[PDB]
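>>> piece number one of the complex, untouched:
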Amino acid sequence: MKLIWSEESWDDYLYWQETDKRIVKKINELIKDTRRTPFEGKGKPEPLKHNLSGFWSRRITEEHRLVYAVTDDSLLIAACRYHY
Amino acid sequence: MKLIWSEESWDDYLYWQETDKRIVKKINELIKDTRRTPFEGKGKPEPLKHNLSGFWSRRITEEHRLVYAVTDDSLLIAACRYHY
């Protein structure tokens, strides 16, 4: 499975490094579990509705969310900061 | 465009993250120059042959380089460390 970073995603991933590193380790933990079972596992994976429709979200913290999308061979990340 | 990591790609990008500080952000400004000027710029931009069918490389330390290929609005990363 390929990893695709958006620029909104990549700037926030590099914002999490330099500031709060336990969050980049949680993000790495969620991506590692998403890599085996994409709709099952850690961080409460639920399907999104009304605007993210077609995306999934894993909660990194109690505020921040990991919004992703998945195909047969790829894993694009929409965000890794804020509450949508 | 966007960042695309392979499977060895990010895991060993995660190896440098768990191992050393200057490596990963030096890696990241190479990513930053590579998104603006895809074929020229910092740390040894070169297309190579016979191994690589249309793929490019860049320097971190002369032991480890940065192999990548660029398409329409995409940035695939093939490797994060040393040659072969």
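All right, it came through fine. Numbers count the residues shown, from 1 in each chain, chains lettered A, B, ... in the order given.
>>> Quick check: closest non-adjacent residue to residue A:44.
Spatially, and ignoring its direct neighbours in sequence, residue A:44 is nearest to residue A:59 (5.2 Å; C-beta to C-beta, 6 or more residues apart in numbering or on different chains). C-beta coordinates here come from the backbone N, C-alpha and C atoms, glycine included.
>>> Quick check: phi and psi at that neighbour.
Here is the backbone geometry of residue A:59 (degrees, to the nearest 10): phi -80, psi 120.
>>> ok, now which ones touch it?
Contacts here follow C-beta atoms under 8 Å, 6 or more residues apart in numbering or on different chains; on that basis residue A:59 touches A:43-44, A:65-66.
>>> What subset of those residues is buried?
The neighbour count (16 or more other C-beta atoms under 10 Å in any protein chain shown) marks A:43, A:65-66 as buried among these.
>>> Pipe those into a markdown table and attach distance to residue B:49 and secondary structure per row.
A markdown table is the format used below for the buried ones among the contacts of residue A:59 (distance: C-beta to C-beta, whole Å; DSSP: H, G, I helix; E, B strand; the rest coil):
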| residue | distance to residue B:49 | secondary structure |
| --- | --- | --- |
| A:43 | 44 | coil |
| A:65 | 45 | strand |
| A:66 | 40 | strand |
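>>> Now for the residue nearest in space to the middle of chain A: which residues touch it?
Nearest to the geometric centre of chain A sits residue A:66, at 2.9 Å (C-alpha atoms, centre = their mean). Each residue near residue A:66 by C-beta under 8 Å, 6+ apart is listed here: A:27, A:30, A:43, A:57-60, A:77, A:79-80.
>>> and of these, the nearest to chain B?
Looking at the contacts of residue A:66 and their distance to chain B, the nearest is residue A:77, at 9.6 Å (C-beta to the nearest C-beta).
>>> Just say helix, strand or coil for the closest one.
Here residue A:77 is recorded as strand under DSSP: H, G, I helix; E, B strand; the rest coil.
>>> Contact residues of chain A facing chain B?
Counting by C-beta under 8 Å from any C-beta of the partner chain, chain A comes close to chain B at A:1-7, A:10, A:14, A:17, A:24, A:28, A:31, A:74, A:76.
>>> is it fair to say residue A:3 lies in a helix?
No - under the criterion used here (three-state DSSP), residue A:3 is strand, not part of a helix.
>>> Looking at the contacts of residue A:66, state which has the most neighbours.
Using other C-beta atoms under 10 Å in any protein chain shown as the neighbour test, the contacts of residue A:66 are led by residue A:80, with 28 neighbours.
>>> put chain C onto that model:
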Amino acid sequence: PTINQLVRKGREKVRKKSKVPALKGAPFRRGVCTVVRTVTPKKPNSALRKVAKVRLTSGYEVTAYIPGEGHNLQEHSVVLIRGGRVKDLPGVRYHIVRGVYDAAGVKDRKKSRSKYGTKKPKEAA
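So that you can see how it sits with the rest, here is chain C on the chains above:
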């Protein structure tokens, strides 16, 4: 009701039903594992709980929880089924006792190690 009505029909007694049919009225029962995996919990909880499908002696093939941190269980592991439900996982009505046939005890535990089957460590004491 009236007294005549209790002479006629009488009273019904409670009819208790077992929460553990696979043990078949036994405290423990030996079984061989067949699928060892991680499942995820129910309503307000999140983890990767380790369970194992065990086909055991009474012809039943049930799922049981692996308690503790880390285990040595695979598809051909002999285990003893203890008994006891897991609230957050569906269908898991049993537990695996550690420190038995192929289910070794948890390593590096020192507080409550009669449970989880760990021996007594002796660091000059």
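>>> ok, back up a step: okay, and the closest residue to the residue nearest to the centre of chain A other than its chain neighbours sits in which element?
Residue nearest to residue A:66 in three dimensions, not counting chain neighbours: residue A:58, with 4.3 Å by C-beta to C-beta, 6+ apart. Under the criterion of DSSP states H and E, residue A:58 resides in strand A:56-59.
>>> next one: residue C:30
Applying DSSP H and E as the criterion places residue C:30 in strand C:29-39.
>>> Work out the sheet partners of the next helix or strand along the chain from that strand and label each with its direction, please.
Downstream of strand C:29-39, the first helix or strand assigned by DSSP H and E is strand C:49-56. Strand pairing for strand C:49-56, determined by DSSP bridges: strand C:29-39 (antiparallel), strand C:61-65 (antiparallel).
>>> What is the distance between the shortest one and the centre of its chain?
Which is strand C:61-65. Put simply, strand C:61-65 sits 7 Å off its chain's centre (C-alpha atoms, centre = their mean, to the nearest Å).
>>> What number of neighbouring residues does residue 34 come out with?
I went with chain A, as the question did not name one. Neighbourhood size, residue A:34 [other C-beta under 10 Å]: 24.
>>> sorry, should have said chain C
Neighbourhood size, residue C:34 [other C-beta under 10 Å]: 13.
>>> And it, how far from residue C:26?
Counting by C-beta to C-beta, to the nearest Å, the separation of residue C:34 from residue C:26 is 20 Å.
>>> again, but for residue C:43
For residue C:43 relative to residue C:26 (C-beta to C-beta), the value is 32 Å.
>>> how about the longest helix seen in chain A: buried residues?
The longest helix of chain A (DSSP state H) is helix A:21-34. Neighbour counts using 16+ other C-beta under 10 Å place A:23-24, A:26-28, A:30-31, A:33-34 of helix A:21-34 among the buried residues.
>>> so who does whichever residue of chain A sits closest to chain C touch?
Sorted by distance to chain C under C-beta to the nearest C-beta, the residues of chain A start with residue A:44, at 5.4 Å. Neighbour list for residue A:44: A:58-59, C:46 [criterion: C-beta under 8 Å, 6+ apart].
>>> try it again with 10 Å
Neighbour list for residue A:44: A:57-59, A:65, C:40, C:45-46 [criterion: C-beta atoms under 10 Å, 6 or more residues apart in numbering or on different chains].
>>> here's chain D, drop it onto the model above:
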Amino acid sequence: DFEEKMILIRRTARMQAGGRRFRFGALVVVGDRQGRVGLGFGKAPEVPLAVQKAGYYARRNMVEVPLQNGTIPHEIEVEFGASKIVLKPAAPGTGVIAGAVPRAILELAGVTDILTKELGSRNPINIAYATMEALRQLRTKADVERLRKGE
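So that you can see how it sits with the rest, here is chain D on the chains above:
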């Protein structure tokens, strides 16, 4: 002079636009361990005020307890709403066999040994009122013939 024991202190809630606006209620029981027990229910916005208000109400609301050597003269059972209480006299040397609320009421009244049982609803407020009206209904052999005299 009077030993006062608190038993139930709860936090209630009152809704208005903005959130909950709380108030605490305190049920206390007072006694002298020599035949006199009283119980009060005071509610104030905070507990020290609540227990002070409850103690003030508890010494107003008091009762006769006709103790006989260690216990009640006869067994009594009174229903207060859905809450019901059993009192049974016991021989000397058994102890106060009661729950949380009739234990605090009966030992502050002076009872040495008694047999009780809480039936129906076991809400501490109405069980306490039930024990108090049960302690109020206890009669001795003196009162029995003084009423059956006819005069």
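>>> once more on the contacts of residue A:44, with chain D this time?
Residues in contact with residue A:44 (C-beta under 10 Å, 6+ apart) are A:57-59, A:65, C:40, C:45-46.
>>> can you tell me the helix or strand for it?
Here residue A:44 is covered by no helix or strand, with elements defined by DSSP H and E.
>>> ok, and what's touching the longest helix of chain A?
A:1, A:3, A:9, A:12-18, A:20, A:40-43, A:45, A:56, A:58-61, A:64, A:66, A:68, A:70, A:75, A:77, A:80-81, B:5, B:10-11, B:14, B:17-18, C:38, C:48.
>>> Next SSE downstream of it?
Toward the C-terminal end, the helix or strand that comes next after helix A:21-34 (DSSP H and E) is strand A:46-47.
>>> counting contacts, what elements does that following strand pack onto?
Under the contact definition 3 or more C-beta pairs under 10 Å, 6 or more residues apart in numbering or on different chains; DSSP states H and E, strand A:46-47 sits against strand A:56-59.
>>> for the closest residue to residue D:25 other than its chain neighbours, helix, strand, or coil?
Distance criterion C-beta to C-beta, 6+ apart; nearest residue to residue D:25, sequence neighbours excluded, is residue D:43 at 4.1 Å. Secondary structure state of residue D:43, per three-state DSSP, is strand.
>>> For residue D:43, give me its contacts.
Counting by C-beta under 10 Å, 6+ apart, residue D:43 makes contact with D:10, D:12, D:23-27, D:49-50, D:53-54.
>>> from those, which single one is nearest residue D:146?
Nearest to residue D:146 among these: residue D:27, at 34.1 Å, using C-beta to C-beta.
>>> Count the neighbours of that closest one for me.
The burial count for residue D:27: 25, using other C-beta under 10 Å.
>>> Isn't it up against residue D:100?
No - when contacts are counted by C-beta atoms under 10 Å, residue D:27 is not listed as touching residue D:100 (11.4 Å).
>>> now the helices for chain D?
D:47-60, D:101-109, D:124-136, D:141-147.
>>> same thing with chain C?
C:3-8.
>>> mind checking how far residue D:124 is from chain B?
Counting by C-beta to the nearest C-beta, to the nearest Å, the gap from residue D:124 to chain B is 58 Å.
>>> which residues sit in contact with that residue?
Residues in contact with residue D:124 (C-beta under 10 Å, 6+ apart) are D:7-8, D:10, D:27, D:83, D:99-102, D:104, D:118.
>>> Any residues of chain A in contact with chain C? List them.
Residues of chain A lying close to chain C by C-beta under 10 Å from any C-beta of the partner chain are A:33, A:37, A:40-45, A:58-59.
>>> Thank you kindly, that will do.
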